[PDB]
Amino acid sequence: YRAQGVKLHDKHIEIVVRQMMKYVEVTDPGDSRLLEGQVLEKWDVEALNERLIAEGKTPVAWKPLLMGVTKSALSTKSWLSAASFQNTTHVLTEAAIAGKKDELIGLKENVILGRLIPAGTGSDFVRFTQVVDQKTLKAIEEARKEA
Amino acid sequence: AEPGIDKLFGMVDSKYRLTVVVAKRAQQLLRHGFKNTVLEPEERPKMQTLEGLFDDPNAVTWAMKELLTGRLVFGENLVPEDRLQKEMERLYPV
Amino acid sequence: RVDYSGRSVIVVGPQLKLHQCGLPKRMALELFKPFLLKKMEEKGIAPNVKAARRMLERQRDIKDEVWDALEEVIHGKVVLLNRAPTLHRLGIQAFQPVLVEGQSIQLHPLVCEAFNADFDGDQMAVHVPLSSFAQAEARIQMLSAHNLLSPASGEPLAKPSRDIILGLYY
Amino acid sequence: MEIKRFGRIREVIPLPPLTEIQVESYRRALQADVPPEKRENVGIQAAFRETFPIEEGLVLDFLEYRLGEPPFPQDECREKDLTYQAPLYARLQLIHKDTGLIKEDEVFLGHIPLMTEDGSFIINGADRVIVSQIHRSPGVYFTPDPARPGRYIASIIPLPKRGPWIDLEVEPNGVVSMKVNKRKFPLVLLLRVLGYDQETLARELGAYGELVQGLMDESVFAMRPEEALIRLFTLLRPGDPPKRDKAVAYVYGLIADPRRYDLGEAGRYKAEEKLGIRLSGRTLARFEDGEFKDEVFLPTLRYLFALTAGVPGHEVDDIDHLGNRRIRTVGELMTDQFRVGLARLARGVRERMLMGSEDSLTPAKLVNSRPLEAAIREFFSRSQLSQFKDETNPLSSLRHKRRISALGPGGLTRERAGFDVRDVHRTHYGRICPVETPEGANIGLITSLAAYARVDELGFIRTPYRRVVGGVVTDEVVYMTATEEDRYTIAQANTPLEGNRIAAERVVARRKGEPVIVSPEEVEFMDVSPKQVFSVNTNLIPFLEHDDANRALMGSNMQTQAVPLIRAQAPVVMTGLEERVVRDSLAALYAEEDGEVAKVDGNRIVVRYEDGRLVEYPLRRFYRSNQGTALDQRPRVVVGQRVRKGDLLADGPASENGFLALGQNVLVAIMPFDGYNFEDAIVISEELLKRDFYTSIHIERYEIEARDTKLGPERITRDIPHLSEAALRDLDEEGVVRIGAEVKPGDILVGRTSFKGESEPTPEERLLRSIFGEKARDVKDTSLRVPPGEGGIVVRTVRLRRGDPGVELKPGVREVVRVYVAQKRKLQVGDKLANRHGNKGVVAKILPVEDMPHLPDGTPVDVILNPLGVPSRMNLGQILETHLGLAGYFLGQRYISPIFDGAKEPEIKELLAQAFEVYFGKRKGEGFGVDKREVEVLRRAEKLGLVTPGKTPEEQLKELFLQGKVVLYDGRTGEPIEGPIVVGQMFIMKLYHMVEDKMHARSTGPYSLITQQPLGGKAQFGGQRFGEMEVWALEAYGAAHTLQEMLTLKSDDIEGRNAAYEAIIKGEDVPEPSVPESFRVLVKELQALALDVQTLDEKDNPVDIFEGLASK
Amino acid sequence: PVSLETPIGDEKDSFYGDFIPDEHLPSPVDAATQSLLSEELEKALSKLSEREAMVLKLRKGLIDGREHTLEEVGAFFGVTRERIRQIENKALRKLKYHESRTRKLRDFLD
Amino acid sequence: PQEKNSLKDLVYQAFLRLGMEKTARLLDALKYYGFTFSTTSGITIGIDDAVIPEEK
Amino acid sequence: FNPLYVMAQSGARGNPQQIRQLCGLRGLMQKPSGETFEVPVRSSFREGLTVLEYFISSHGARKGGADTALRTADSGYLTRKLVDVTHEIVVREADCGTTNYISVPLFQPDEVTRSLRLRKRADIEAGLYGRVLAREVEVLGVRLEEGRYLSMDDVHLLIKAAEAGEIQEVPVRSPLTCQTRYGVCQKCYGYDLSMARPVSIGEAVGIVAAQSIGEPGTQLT
Amino acid sequence: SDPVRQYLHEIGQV
Amino acid sequence: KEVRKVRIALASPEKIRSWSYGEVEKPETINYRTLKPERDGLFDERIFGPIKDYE
DNA sequence: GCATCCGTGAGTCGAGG
DNA sequence: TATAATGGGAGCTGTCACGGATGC
RNA sequence: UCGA
Ligand SMILES: [Mg+2]
Ligand SMILES: [Zn+2]
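Residues numbered from 1 in each chain as written, not as in the entry; some residues may be left out. Chains lettered and ligands numbered in written order. Part of a larger assembly, values for the part shown. Heavy atoms only, no water. Residues with missing side-chain atoms left out of burial classes, pairs and counts.

Structure determination for this PDB entry was carried out by X-ray crystallography, with a resolution of 3.1970 Å recorded in the header.

See below:
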């Protein structure tokens, strides 16, 4: 980018690469149900490991896994996003066998269903906000006060 | 740009919350025939017709202009929804 | 594919303010048509909705009052302009439409860089946000004058270029 | 006006007939003017010779064929939407081998489309053009193995679908392998099958060290040709029983059979030249005296071993070299499809010979023409290389006819097309134009034939050269292939010549494409002209040498897009090709012989020749072309005018006095104006509209059908339910709009009524019916109206009825009506303009005359172009054009400046001085001195170093004029433009892309069947597609509600869209959206895949999105 | 019949079926028209007494969907068929007067 | 003198200090006067404007 | 005051190369093989090319065009991949509270491997501007507090301190180190670069990151 | 691979 | 209720039969004259539904 | 462990027919 | 409702990177 | 096939 004269902030590339490092491979199950060589999210294995550590069990031995954007995209938890990306047959078959549940965490799933995306004005942070004028606010406050 | 947009962004912790507040308020004004406005008759947004100045039909314009006056309260869980609805239907019949 | 949309050939907008675009009358009429029917009923131009629509159906049955009615309709509202390919979010921007005679969409010079639009015959699509919510979104967030700087480099996207620079430097 | 012409180069030969690549090909393929006995083995005659005789009556043989006359002329075919074609009869004879009985008959095979005089076709009323196709010439090639350096691959390639490619490669284990239909097998086996003995292979191939030892296998020589043959048949055909006759049949069909395997005549020649041998037939081998006989394989293997060893005289092959790439013209493609259809008919013939009575059979009973007809009709209708003709202007048709495509049937697939095929090969010189080619994904695949280029009988492109002997340049012209051209040193056409002798001791020449400086003693050949390096379109660009190749490409392309103008005029500056183009395009009417013109009329020109015979030439008037541009001829002569042979009679469309006129000559100033010319936008004077410059006629065709239905017949009638006289005013008695009426959007072109569908009136309908006391009519209004943003004056009405003479429609159709609506288009904001140099832009502003920058004498300019457009585009040709056009504006003359032999700078300077004398001296005679503003500008220019200080005002003004710059006054102020501005005459065309055609908008409209989403397209009154990327845009903006609005209310949510519309017309805010229909479609389509898709709540309990409609 | 998947311009771009409008499902304009029609019909039937309005609604079948005879409406309200046919007549005629005066229902007649 | 970079920096600094509304007004101003002056300035392109230096 | 010179200098139009082609020599050209012709075009467009020269040019022109044509598809595909991998990432909260961070180097090893040298200003800016400090930084008598969003002036200051040898690297909150699930926090992301202020929670930065990377893609040569 | 060939084989068995 | 999740799994033949409103017996679409759905065909109204609203 | 075949992908809108 | 008839026939293939199964 |  610098070579071609394009000014671009590192943070974006960092976002992508962050999605590339999302996965890990098990080097030993310990006390878990996981299998040696099994691949899963770093998050879920950290959760499983803190749950096993809090339980006094042996944590899972894992190794960092670096994958490219295509594989990382196809490897996500949401089957709607994956199936809509590409290799639809594979994604669909594997997901259907596993009886997978898409939790609609991302944008693409909600876009498929035509729901309100969990971003911007649809973010659960800002979407429940209310607006009331002082006249109405006091009119309700009096009803609250009389009871 | 929208007049006083910097101040509006200044009011909120997330720009999207500003958008939500403005839209909801505009819906309130639309539903109630503007009867609930916090704007004095001089502060009323005006459209220029062939005849002359009339009330600005745009509820969003009204919403932002109201919001600028600080006469509105925004936030999360200020009141049960149905309560707000019915109290506003009482005060301002539509 | 969506409703309340249209497209046409773009043309330079030099008179337009940063927040504005020239929108042809015919396009505007068709796009806003239900609002125009309602407004036509509010005023004395038609007894009801259906008579109004039947009135608009033929071109020679269109009279002058309907245009002022249309002008009353669009007031304060914005439309979305989009040029393909849309590479980043600035390939879509919001503008207050200003009705113009002629069939071409007028586009502000300063947003030409973000759209990567020039005058060699590029075309743009128009979309109409309906709900108060959609319009509030487009007006606060998506307004051309509300995004000055690149989401990518943080540097100004809308800046003087071509003749502007030429004149100022001169 | 007088036409001055420049340049020192005298063209020896003229440009060959420009459409000949089509005409001569198709003629050669037909031979309808040739008596059947004198016809050659090329063409459909060849196909007949290949297909017949048909055996196993028993024998059905071919004698001859003939083509009758077309049942309809061309104009009538265009009228009735028929195909212009001639009936094909074939004389055949059935022969019983035993009986000896011979039954001969002439059978009708259906119709073959006939190419018109101009080189195009008419298919179903539509003019079409069959584009030539470039491909790899058949032959034997040798290319380096990418994986194994030092090792090479042999490839034997026949004509497309003439049988398999074959690969000879030397394996890592040393054995020599052959690949056929993706099967690797040792070549030694097949060699044995050919009857080769270890002795012969040892003596022939032994010379090369250790290579022949990889060819040595004892187990192969241990079996006779039969055993080896059956072995090979077992190798290439797993599971199929290895019968002797079946093996012989398969191998024969694969290798020796001419009816299956055919190298080109070209392929044969190339094989002979490369391998240094001679081929009896066109196959790889033969069947002679019961055994197979080698032709190709052994010399090929020899060459492969020689190349691999490093034996000198054996080189690889460049497959992009124009000697190895040939051209399949219309004749060859049509011939191929003819061969296919014929073979189908042959299969049908044997199938017919098996069945039926063996005694009584006639050629009529055996032959079913249907498959052949199907093949031909399919080729002319649905083929890739059969394209809707571009008629926009004559140059469009001409160029379209000269196109070369690397795609199509038998051609490359886009995925297989890399840089190589798209590149400009060194051998393209004089053959394929380096400039003209599409921008975008099609680049390099579609090309144009060079101006002087010729395609020989083999299919290779040849370019003319001049023989040079002992430093003397002859008038002898030699057309060479690329392979031939590579043999000589060839000097450039601009090489200085005194008389016929080369005048310089250092000349610029080419050896195998490489530029080299040589002596006149070393010059074998010399270019005919620079014109031969470029296409026709590229050769229409003056000062091409001053333009960068990309913008040159753009202008070259944009010339075909020029819309014919009513006032259209030839360029002030031409290349001198503007005449030949109009002539070869058959756009303009010409005089056949010498004589006197008897009659001149708008519709007609009658000429008496020297023979005394009266010839009446009709004139095409206001005919609608494919793209809808008006095509009409106007008479250029007058009563009693004496005319010679080849003299102009009528000017075709886009023509002025026999010269090609693609646009207007306008007076331009180059300078920014108030941001209105910003980024390629253009500013025009209203004076252009006033005098009707850039105005064009456009005809649009509307059609309708009244047909028989099961609810009762539709009918065209003036009786339309619920319509006043206001609506029916311009309709005639029969319900068809009158000729000459003015139609606007919503108006009725053709009245039509159709019986309503079976209708259960909803209670509202019944109650309203009763209220207004009116019976609901049987029919309803289907009438064809004017589409939004269309209309004009009706110039024609055609009506065809069932049961009327000469009229038979498709089954069920009662009547067909066509309304033709003309419209006259003035230039307007949003319309596209361009010059020949690649400068293009849409008009953004039209200023009233008083606002235009003007000359001191008060003359306002026409167009204002932004100078910022020049420097990065690097096309300077438009500047020189403009200057010389200023000169031509004042002297009142036009010029001819050929590309690479163009009007140089000093000459333009001279003409500019001569112009200045007129532009100024006139003023000084009128009794006017220099203006104050002129003085200010002159001070500004003195500071600019533009003029020499100390000179008089007039001297400096002239100094500016010689630089092509003048003083300009702002129309709004009266104050001068601070600097001198470049002003002159430029040739600008109005292109076909016009905002009137391109503007569209929709509120709501028709929807797709399955998805319930808006239809696409302007013609369908459909919505704009909001794609994945626009969804990304909205997401990135974080506007959730606008996006959700797009995904539901605006497209596929039926409940949501209905509710939304009702809410808006009622004046209420739009309702919360529901589940979009296409998601339900997704769910169902997944259920059809036996996959259970359940939408669940947070409690994991199913939620019905079908609302119980889908649950029992 | 012909395949909806038939290509028109070559292959990938579009299908023959992509140009075919759906004539079954009512356009939003149509549904809105029926909505305004039902609403305006109720607006016209509110200017009549509830009995004659109900008689008209039964006779035209705006209630249960089907149109009753004179004997069934006569047995529903408890009068003679002549009486109910005449109530239907006076209701229809009062609707004629209301319509001629206001001119609200004319447009829907197409 | 004011060229692309300095104008861009002006726009950025104006954004930071005075906010986007005022920045929009500034941009429109610059557009106006820029076009205005570029029109009357006398900028053009002649063939002699491309100068072959002797040193060549 | 020459038009070409002015247009080039101001940045209105043109670069030295195109100007050279108009005035000085057109220059060397490529053979189709990528190999360069030993004989350059000595002509400008002002003078005009010989037909042979023009022909030599068309190789390069065509190669360029075909190359761009083939490139835009790859750019598009890349962009789509990026969008699909980044789409679920939105700013979900104010702080994930992670104590982790990344250290942006202000210095890079020289190619001679002789010493370390200061990075180019553009690059430092590209890794610094609009980012929250994960630790206290005291340089040039100025305190930059933990949690501070670095403005452009902050970055220029840090560069100045780097030149004076006070700081060789800057600790910074980054999306790499953010512990927010299904997204990033506000502090790790820093500025919303369009508004030059801290990013508003709920902004979907995944699509912005992908679009930001994708758009220039056809410009890369 | 090819059902026709396979069936012709299975037919050639009897 | 609101849809918070989408599950995909295999359909047992019993489930497939539970979905069905009937078995299509004949490979027939519509009648060559009446142009109406054939009985026990792919378009049969007896299975998939009425062609006209409430009829 | 390392050649090889198989399946999978390969830019967006818009126009014409 | 009856001579006897018994294994098909198309078929040009100028791209590339990858992942996963397979073959020595 | 064409336009960006
Ligand atoms: Mg463009
Ligand atoms: Zn964080």
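Next, the rest of the story.
## Notes on the protein's contact with DNA strand K
Keep this limit in mind: We call a residue near a molecule or strand whenever a single non-hydrogen atom of that residue lies within 4 Å of it. Pairs of N or O atoms within 3.5 Å make up the polar contacts considered here, provided that, within protein, one atom can donate a hydrogen while the other can accept it, and that residues adjacent in sequence are counted only when both atoms are side-chain atoms. Each helix corresponds to a stretch of at least 4 residues labelled H or I by DSSP, and each strand to a stretch of at least 2 residues labelled E; elements are numbered beginning at the N terminus. Residue polarity follows a fixed list, in which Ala, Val, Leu, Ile, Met, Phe, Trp, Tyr, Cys and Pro are nonpolar, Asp, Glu, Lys and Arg are charged, and the others, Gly among them, are polar.
D:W165, D:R237, D:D320, H:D2 and H:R5 are the nearest of the 25 residues found near DNA strand K. Here DNA strand K approaches the protein such that, of its atoms within 4 Å, sugar and phosphate make up 24%. D:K161 has a polar backbone atom sitting 3.1 Å from a sugar or linking oxygen of DNA strand K. Side-chain polar atom of D:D320 to a base nitrogen of DNA strand K: 2.6 Å apart, as the coordinates give it. In terms of residue count, helix 1 (residues 3–13) of chain H provides more of the surface near DNA strand K than any other element does, four residues in total. Among the residues forming the surface near DNA strand K, the class breakdown is nine nonpolar, five polar and eleven charged.

## Comments concerning the sheet that holds strand 30 (residues 595–600) of chain D
All names here are of chain D. Quick note on the threshold: Here the rule is simple: two strands pair whenever DSSP picks up at least two bridges between them.
Ordered by their spatial adjacency, four strands build an open sheet running 32-31-30-36, and the pairing between neighbours is antiparallel. Either end of the sheet is taken by a strand with one partner, and the two such strands are strand 32 (614–618) and strand 36 (642–643). In this sheet, strand 31 (residues 604–609) lies alongside strand 30 in antiparallel orientation, the contact comprising five bridges. Note that in strand 31 the partner of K599 across the bridge is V606.

## Points about the environment of D:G150
With respect to the secondary-structure elements, D:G150 resides in the loop between strand 8 (139–144) and strand 9 (152–157). For the pair D:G150 and D:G310, spaced 160 residues apart in the sequence, the C-alpha separation amounts to 9.0 Å.

## A look at helix 7 (residues 134–146) of chain A
In plain terms, the rule: By definition here, a helix of n residues has an expected span of 1.5 Å times n minus one. Pairs of residues are marked as contacts when any of their non-hydrogen atoms sit within 4.5 Å.
Taking 1.5 Å of rise per residue, 13 residues should cover 18 Å, and helix 7 of chain A covers 18 Å from first to last C-alpha, within 8% of that figure. If you follow the buried residues of helix 7 of chain A, they end up packed against strand 5 (129–133) of chain A together with strand 3 (72–76) and helix 4 (81–91) of chain B.

## Comments concerning the environment of D:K826
All names here are of chain D. Relative to the assigned elements, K826 resides in the loop between strand 49 (813–825) and strand 50 (832–834). C-alpha separation for the pair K826 and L194, spaced 632 residues apart in sequence, amounts to 75 Å. In contact with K826, other than residues within four places in its own chain, are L689, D692, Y694, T695, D831 and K990.

## Some points on the side chain of D:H837
Residues and elements named next belong to chain D. Where we set the bar: Accessibility here uses a 1.4 Å probe with only protein chains present; expressed as a share of the type maximum, an area under 20% marks a residue as buried, one over 50% as exposed, and anything in between as partly exposed.
Here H837 shows up in the loop between strand 50 and strand 51 (840–847). For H837, a relative accessible area of 0% gives the class buried. At 3.5 Å, the side chain of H837 and the backbone nitrogen of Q878 are in polar contact. With residues up to four places along the chain from it excluded, the contact list for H837 reads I541, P542, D547, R551, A552, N875, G877, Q878 and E881.

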